Every structure is written in C-alpha cells, then in structure tokens.
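Consider the single chain below, provided in structure tokens and representing the form deposited in one PDB entry.
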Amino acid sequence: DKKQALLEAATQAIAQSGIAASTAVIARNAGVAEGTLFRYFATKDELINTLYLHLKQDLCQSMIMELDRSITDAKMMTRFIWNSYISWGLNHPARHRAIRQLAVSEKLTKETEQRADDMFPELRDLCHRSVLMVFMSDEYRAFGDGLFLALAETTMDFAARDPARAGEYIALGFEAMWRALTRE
C-alpha cells in the first residue's frame, strides 16, 4: 500500500537521479512522512536492495508470461528473454533506468543476490542453463551485466524513437549482445 507507493516513488527518483536520490524527496512523492519511509527502509542501502528485488521480481514475472517453455535451443530461448527485457523497459522506462543503476551499484548484498537467484526457479532451469557470460571470472559479472544493460538501453532508445523499425533494432541488438557475451 504505502510500501508499493514508496517503491514506486523510489523507482522514479533513482531513474532520474541515481542511487543518490534523497529519501525525503522519495517520501514526499509517495505522500508519507520521511519517518514512515524509515519504518519501511531504515537505510538507503536497504532501500536499494529491496527496490532491486521488487524490480527484478517485476521483470522476471513479465518474462514468465511471455516464455514458451517448450523451447530447447539456448539461443532462441535467450532471444525470447532479450525480447521480453526490451519490451519491459520500453513499457516501463523508469523501471529499466532504476534497475540499471541498482544492478551496478556495489550496494547489493550477497543475500540479495541469493534472493535474486532463488525466488524465480522457473527461470533457473526451464532454460536448461547459462551460456550467457559463463566465460567471465566472478569479479567481472557486474561488468558483463553493465554491458548487457548498455546494449539493451541503446536498443530501447532506437526502438522508442523509430518504432517503424523497432523489430529490426531489437534483432540487431540481440545479435550484438549474443556475440559479445557468449562463447564457443
């Protein structure tokens, strides 16, 4: 209720100003007292981690609905996932913009990354597994996520500005992403 309202105004504020967004600004735009914000998130760090999970759950639920679990080929399954990402970001630009900033923030906790991997099993292995970014050492997975998000943002930009060619930008960006971030 007030929580959904607070997460929504945090989304918009971080989309616009980054992890720096002020809590009072966020509380104001949710129409709650800043102290009430603190009852929901005592710290900027907690807010970042909860918002990330909230956004990531939203995204993954959208993927679950678009997904044809019969698909066996990893490239084709990866294309469908890319297409659902791109379309989620085009429908919800601030959600994409916020999650992009959260995903690279260094404030995400290992618990949070555990709750990320955990609570969508459907996505673990109705997709066999991986191929994407398997080739990178652990220390660079944040970087490989940053590259994926850079390519997806650019794809969305072009597709929003030139909708008559949206599908073409989507397929070219996918290929770029696939070539960049997978291996033999």
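One-based numbering along the sequence shown. Shifts are known only where both forms have a C-alpha. Between two forms, the rigid core is defined as the largest C-alpha subset superposing within 1.5 Å.
Undergrad: If you average the Cα B factors in the entry, which is higher, 18-26 or 170-178?
TA: Looking at the recorded C-alpha B-factors, 18-26 comes out higher on average.
Undergrad: Do the CA atoms of 79-87 or those of 104-112 have the higher mean B-factor in the entry?
TA: In the deposited entry, the stretch with the higher C-alpha B-factor mean is 104-112.
Undergrad: Which one of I48, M156, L55, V134 shows the top CA temperature factor in the record?
TA: That would be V134.
Undergrad: Sorting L126, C60, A150, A142 by Cα temperature factor from the record, which one lands on top?
TA: Comparing C-alpha B-factors across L126, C60, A150, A142, the maximum falls on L126.
Omitted from view is the form deposited in another entry, to which the following refers.
Undergrad: If you line up the core, which of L147, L59, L67, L132 has a CA that moves 2 Å or more between the shown form and the other one?
TA: Single residue meeting the criterion: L132.
Undergrad: After superposition on the rigid core, does the Cα atom of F38 shift by at least 2 Å between the shown form and the other one?
TA: False for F38: its C-alpha shift is below 2 Å.
Undergrad: So with the core overlaid, does the Cα of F120 end up 2 Å or more away between the shown form and the other one?
TA: For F120, whose C-alpha is compared between the shown form and the other one after core superposition, the shift is 2 Å or more.
Undergrad: Taking the shown form as the reference, report whether the CA atoms of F135 and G144 lie closer or farther apart in that other deposited form; the distance changes by 3 angstroms or more.
TA: So the answer is closer.
Undergrad: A74 to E122, Cα distance in that other deposited form relative to here: closer or farther, by 3 Å or more?
TA: It is closer: the C-alpha separation of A74 and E122 falls by at least 3 Å in that other deposited form.
Undergrad: In sequence order, what stretches of at least three consecutive residues shift by 2 Å or more at the Cα level between the shown form and the other one, with the rigid core held as reference?
TA: When the rigid core is held fixed, residues 117-136 make up the only run that shifts.
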